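run.cif, holding mmCIF, C-alpha atoms and all ligand atoms:
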```
data_input
#
loop_
_atom_site.label_atom_id
_atom_site.label_comp_id
_atom_site.auth_asym_id
_atom_site.auth_seq_id
_atom_site.Cartn_x
_atom_site.Cartn_y
_atom_site.Cartn_z
CA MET A 1 26.24 -0.92 -2.19
CA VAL A 2 23.54 -1.74 0.37
CA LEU A 3 21.03 -4.52 1.01
CA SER A 4 17.62 -3.83 2.50
CA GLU A 5 16.58 -5.52 5.77
CA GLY A 6 14.10 -7.61 3.76
CA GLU A 7 16.98 -8.83 1.55
CA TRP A 8 19.06 -9.71 4.62
CA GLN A 9 16.08 -11.66 5.98
CA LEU A 10 15.97 -13.74 2.78
CA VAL A 11 19.71 -14.43 3.14
CA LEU A 12 19.39 -15.41 6.79
CA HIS A 13 16.33 -17.62 6.24
CA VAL A 14 18.20 -19.85 3.80
CA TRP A 15 21.34 -19.74 5.97
CA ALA A 16 19.29 -21.17 8.84
CA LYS A 17 18.69 -24.25 6.64
CA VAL A 18 22.41 -24.55 5.81
CA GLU A 19 22.96 -24.60 9.58
CA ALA A 20 20.93 -27.80 9.98
CA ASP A 21 24.05 -29.54 8.56
CA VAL A 22 26.86 -27.14 7.73
CA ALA A 23 29.32 -30.00 7.08
CA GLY A 24 27.15 -31.60 4.39
CA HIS A 25 26.53 -28.25 2.70
CA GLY A 26 30.27 -27.51 2.72
CA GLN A 27 31.06 -30.84 1.04
CA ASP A 28 28.51 -30.19 -1.71
CA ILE A 29 29.84 -26.64 -2.28
CA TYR A 30 33.46 -27.80 -2.52
CA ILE A 31 32.58 -30.69 -4.84
CA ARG A 32 30.64 -28.26 -7.09
CA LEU A 33 33.50 -25.73 -7.06
CA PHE A 34 36.22 -28.27 -7.87
CA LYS A 35 34.17 -29.96 -10.60
CA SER A 36 33.10 -26.69 -12.25
CA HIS A 37 36.47 -24.91 -11.95
CA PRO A 38 39.22 -27.53 -11.43
CA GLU A 39 41.93 -24.84 -11.34
CA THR A 40 40.64 -23.73 -7.91
CA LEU A 41 41.61 -27.11 -6.40
CA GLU A 42 45.27 -26.34 -7.22
CA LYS A 43 45.28 -23.58 -4.56
CA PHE A 44 44.75 -26.14 -1.78
CA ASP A 45 48.08 -27.76 -0.89
CA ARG A 46 46.35 -30.26 1.41
CA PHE A 47 43.67 -31.27 -1.14
CA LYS A 48 45.06 -30.79 -4.66
CA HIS A 49 45.80 -34.51 -4.95
CA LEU A 50 42.09 -35.50 -4.70
CA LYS A 51 41.10 -37.09 -8.01
CA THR A 52 37.37 -37.84 -7.77
CA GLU A 53 34.12 -36.75 -6.11
CA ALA A 54 34.23 -39.96 -4.04
CA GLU A 55 37.65 -38.98 -2.66
CA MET A 56 36.40 -35.45 -1.94
CA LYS A 57 33.35 -36.80 -0.09
CA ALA A 58 35.50 -39.17 1.99
CA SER A 59 38.04 -36.51 3.01
CA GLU A 60 37.58 -35.66 6.69
CA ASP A 61 39.99 -32.72 6.33
CA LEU A 62 38.00 -31.26 3.40
CA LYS A 63 34.79 -31.65 5.42
CA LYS A 64 36.37 -29.75 8.31
CA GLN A 65 37.55 -27.04 5.89
CA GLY A 66 34.04 -26.64 4.47
CA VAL A 67 32.69 -26.16 8.01
CA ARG A 68 35.30 -23.45 8.62
CA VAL A 69 34.51 -21.60 5.38
CA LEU A 70 30.73 -21.68 5.77
CA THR A 71 30.88 -20.70 9.45
CA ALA A 72 33.14 -17.74 8.62
CA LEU A 73 30.83 -16.73 5.76
CA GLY A 74 27.77 -17.17 7.99
CA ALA A 75 29.29 -14.84 10.61
CA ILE A 76 29.89 -12.26 7.87
CA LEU A 77 26.31 -12.58 6.58
CA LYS A 78 24.88 -12.19 10.10
CA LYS A 79 26.62 -8.80 10.37
CA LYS A 80 24.37 -7.61 7.52
CA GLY A 81 27.06 -5.52 5.88
CA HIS A 82 28.84 -4.41 9.09
CA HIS A 83 31.63 -6.92 8.55
CA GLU A 84 34.79 -4.82 8.55
CA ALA A 85 36.31 -6.71 11.50
CA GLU A 86 35.55 -10.13 10.01
CA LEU A 87 36.92 -9.21 6.57
CA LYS A 88 40.33 -8.01 7.81
CA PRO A 89 41.90 -11.38 8.70
CA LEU A 90 40.16 -13.14 5.83
CA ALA A 91 41.33 -10.66 3.20
CA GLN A 92 44.87 -10.77 4.57
CA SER A 93 45.13 -14.55 4.54
CA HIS A 94 43.43 -14.97 1.15
CA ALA A 95 45.48 -12.25 -0.52
CA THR A 96 48.88 -13.01 0.99
CA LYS A 97 48.96 -16.57 2.32
CA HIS A 98 46.63 -18.41 -0.08
CA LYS A 99 46.72 -16.02 -3.08
CA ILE A 100 43.09 -16.30 -4.09
CA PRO A 101 42.04 -14.08 -6.98
CA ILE A 102 38.64 -12.31 -6.95
CA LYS A 103 37.64 -14.51 -9.91
CA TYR A 104 37.94 -17.58 -7.64
CA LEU A 105 35.76 -15.86 -5.03
CA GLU A 106 33.23 -15.43 -7.86
CA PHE A 107 33.53 -19.17 -8.60
CA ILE A 108 32.86 -20.19 -4.98
CA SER A 109 29.93 -17.73 -4.86
CA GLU A 110 28.50 -19.48 -7.93
CA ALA A 111 28.96 -22.88 -6.23
CA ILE A 112 27.17 -21.62 -3.10
CA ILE A 113 24.23 -20.36 -5.17
CA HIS A 114 24.07 -23.60 -7.17
CA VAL A 115 23.96 -25.77 -4.03
CA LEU A 116 21.38 -23.59 -2.27
CA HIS A 117 19.24 -23.61 -5.42
CA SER A 118 19.39 -27.41 -5.53
CA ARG A 119 18.89 -28.16 -1.85
CA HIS A 120 16.57 -25.36 -0.76
CA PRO A 121 13.82 -24.49 -3.25
CA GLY A 122 11.59 -23.69 -0.24
CA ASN A 123 13.87 -20.80 0.82
CA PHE A 124 15.78 -20.14 -2.38
CA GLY A 125 13.21 -18.91 -4.88
CA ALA A 126 14.09 -16.03 -7.25
CA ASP A 127 13.85 -13.21 -4.70
CA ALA A 128 15.94 -15.15 -2.16
CA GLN A 129 18.61 -16.03 -4.76
CA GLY A 130 18.72 -12.36 -5.79
CA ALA A 131 19.27 -11.33 -2.15
CA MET A 132 22.01 -13.96 -1.66
CA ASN A 133 23.71 -12.83 -4.89
CA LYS A 134 23.62 -9.23 -3.58
CA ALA A 135 25.12 -10.29 -0.23
CA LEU A 136 27.91 -12.26 -1.92
CA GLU A 137 28.60 -9.40 -4.36
CA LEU A 138 28.88 -7.02 -1.38
CA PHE A 139 31.27 -9.47 0.28
CA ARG A 140 33.42 -9.70 -2.85
CA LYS A 141 33.33 -5.90 -3.39
CA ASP A 142 34.55 -5.28 0.15
CA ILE A 143 37.16 -8.09 -0.05
CA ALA A 144 38.45 -6.65 -3.34
CA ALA A 145 38.83 -3.19 -1.75
CA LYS A 146 40.79 -4.73 1.13
CA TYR A 147 42.93 -6.73 -1.31
CA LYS A 148 43.94 -3.47 -2.99
CA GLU A 149 44.77 -1.91 0.39
CA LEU A 150 46.92 -4.96 1.18
CA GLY A 151 48.83 -4.78 -2.11
CA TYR A 152 47.18 -7.64 -3.99
CA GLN A 153 45.68 -7.22 -7.46
CA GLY A 154 43.09 -9.94 -6.94
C1 LIG B 1 33.25 -17.50 0.62
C2 LIG B 1 34.56 -17.28 0.41
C3 LIG B 1 35.60 -17.89 1.36
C4 LIG B 1 35.61 -17.91 2.69
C5 LIG B 1 34.57 -17.34 3.69
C6 LIG B 1 36.81 -18.60 3.11
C7 LIG B 1 37.17 -18.84 4.42
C8 LIG B 1 38.33 -19.48 4.82
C9 LIG B 1 38.75 -19.66 6.19
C10 LIG B 1 37.91 -19.17 7.40
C11 LIG B 1 39.91 -20.31 6.18
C12 LIG B 1 40.78 -20.71 7.40
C13 LIG B 1 41.51 -19.44 7.96
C14 LIG B 1 42.28 -18.63 6.94
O1 LIG B 1 43.33 -19.13 6.47
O2 LIG B 1 41.83 -17.49 6.63
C15 LIG B 1 40.27 -20.54 4.79
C16 LIG B 1 41.42 -21.17 4.35
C17 LIG B 1 41.77 -21.37 3.04
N1 LIG B 1 41.09 -20.83 1.95
FE1 LIG B 1 39.35 -19.86 1.97
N2 LIG B 1 37.54 -18.98 1.99
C18 LIG B 1 36.81 -18.56 0.90
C19 LIG B 1 37.16 -18.74 -0.42
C20 LIG B 1 38.29 -19.42 -0.86
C21 LIG B 1 38.55 -19.82 -2.23
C22 LIG B 1 37.58 -19.55 -3.40
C23 LIG B 1 39.72 -20.45 -2.25
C24 LIG B 1 40.51 -21.10 -3.41
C25 LIG B 1 40.07 -21.15 -4.66
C26 LIG B 1 40.24 -20.45 -0.89
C27 LIG B 1 41.44 -20.98 -0.47
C28 LIG B 1 41.78 -21.27 0.83
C29 LIG B 1 42.90 -22.09 1.23
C30 LIG B 1 43.87 -22.75 0.22
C31 LIG B 1 42.89 -22.14 2.56
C32 LIG B 1 43.85 -22.94 3.49
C33 LIG B 1 43.23 -24.36 3.59
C34 LIG B 1 43.93 -25.39 4.43
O3 LIG B 1 44.28 -25.04 5.58
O4 LIG B 1 44.10 -26.53 3.90
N3 LIG B 1 39.33 -19.81 -0.04
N4 LIG B 1 39.28 -20.02 3.97
O O B 2 38.41 -21.82 1.75
#
```
If you took the structure in this file and wrote it as structure tokens, what would it be?
Amino acid sequence: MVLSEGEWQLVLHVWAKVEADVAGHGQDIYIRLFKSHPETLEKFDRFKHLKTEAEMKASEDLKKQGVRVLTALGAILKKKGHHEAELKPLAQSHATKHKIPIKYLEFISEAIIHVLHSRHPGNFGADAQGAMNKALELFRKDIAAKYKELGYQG
């Protein structure tokens, strides 16, 4: 599975807009994920008690977590497929420490696409969304292969 350079440029052009305010984007993505698929919130021991969107928005720890996730994902995207080193620690923690199935990675990918589609119509038209979907599918395909190497079904 391989993206073209043009596809990577569409991914990186919208990611540059995320980077104007990574914290705010992270909050929107987590709120979308937890509202759409409430079961995913149960995996977060520090945040599973949050009851409403207002509580999620006011959580400084959730905001910091969103920054960590999007910055890690941004570093992966900037490797344009050459992300073996970045995926090692992430696959190990998500398979063995956090126990995050591939289906939940699909759910957060959907939340990312939903938020970019809402916030960034200037850089998230159909071709750009297609490229981002391809990049996230590549990420999940490579994470799933590493999960299997690590002993986790996913
Ligand atoms: C785009 C996909 C994702 C990325 C890039 C990502 C990235 C990260 C990073 C960088 C950390 C901190 C270091 C670590 O423990 O590895 C983290 C922690 C964590 N991740 Fe993810 N993650 C992703 C998806 C998910 C999903 C979908 C879930 C659950 C449904 C999840 C559950 C967790 C939990 C529970 C923690 C620990 C949080 C805490 O310290 O309170 N991750 N993630
Ligand atoms: O995460």
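The list of residues with at least one atom within 9 Å of region 34-46 of chain A, based on only C-alpha atoms and without residues fewer than 4 positions apart in the same chain, reads residues 29, 30, 50, 52, 53, 61, 62, 98, 99, 100, 104, 107 and 111 of chain A.
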Next on the checklist: With only C-alpha atoms as the counted atoms, please give the residues lying no more than 9 Å from residue 77 (chain A), apart from itself and same-chain residues fewer than 5 positions off, as a list in words.
Outcome noted: residues 8, 11, 12, 15, 72, 82, 83, 135, 136 and 139 of chain A
Next on the checklist: How would you report the residues lying within 9 Å of ligand O 2 (chain B), as a count of residues only, if you count only C-alpha atoms and all ligand atoms?
Outcome noted: 9
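Minimum distance to ligand LIG 1 (chain B) across A:142, A:7, A:106, A:127 (counting all atoms listed in the file) occurs at A:106.
The two atoms in question, CA of residue 132 (chain A) and CA of residue 114 (chain A), are spaced 11.3 Å apart.
Atom pair CA of residue 146 (chain A) / CA of residue 26 (chain A): separated by 25.1 Å.
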Around region 23-36 of chain A, fit a box with edges along x, y and z, padding it by 3 Å on each side, then list its centre and edge lengths in Å to one decimal as JSON.
```
{"center_x": 31.4, "center_y": -28.7, "center_z": -2.6, "size_x": 15.7, "size_y": 11.9, "size_z": 25.3}
```
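Among the candidates A:28, A:74, A:84, A:103, the one nearest to residue 13 (chain A) when counting all atoms listed in the file is A:74.
Minimum distance to ligand LIG 1 (chain B) across A:150, A:116, A:1, A:87 (counting only C-alpha atoms and all ligand atoms) occurs at A:87.
Residue nearest ligand LIG 1 (chain B), chosen from A:48, A:148, A:134, A:78 and counting all atoms listed in the file: A:48.
Of the residues under consideration (A:79, A:10, A:97, A:138), A:10 shows the shortest atom-to-atom contact distance to residue 126 (chain A) when counting only C-alpha atoms.
Using only C-alpha atoms, the shortest contact distance between residue 129 (chain A) and any of A:110, A:24, A:17, A:147 is found at A:110.
For the atom pair formed by CA of residue 117 (chain A) and atom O3 of ligand LIG 1 (chain B), the distance is 27.4 Å, given to one decimal.
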Using only C-alpha atoms, which protein or nucleic acid residues come within 7 Å of residue 67 (chain A)? Drop anything in the same chain fewer than 4 positions from it, and give the result as an mmCIF file with C-alpha atoms, keeping the file's coordinate frame.
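Ended up saving to result-v4.cif:
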```cif
data_model
loop_
_atom_site.group_PDB
_atom_site.id
_atom_site.type_symbol
_atom_site.label_atom_id
_atom_site.label_comp_id
_atom_site.auth_asym_id
_atom_site.auth_seq_id
_atom_site.Cartn_x
_atom_site.Cartn_y
_atom_site.Cartn_z
ATOM 1 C CA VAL A 22 26.860 -27.140 7.730
ATOM 2 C CA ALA A 23 29.320 -30.000 7.080
ATOM 3 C CA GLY A 26 30.270 -27.510 2.720
ATOM 4 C CA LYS A 63 34.790 -31.650 5.420
ATOM 5 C CA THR A 71 30.880 -20.700 9.450
#
```
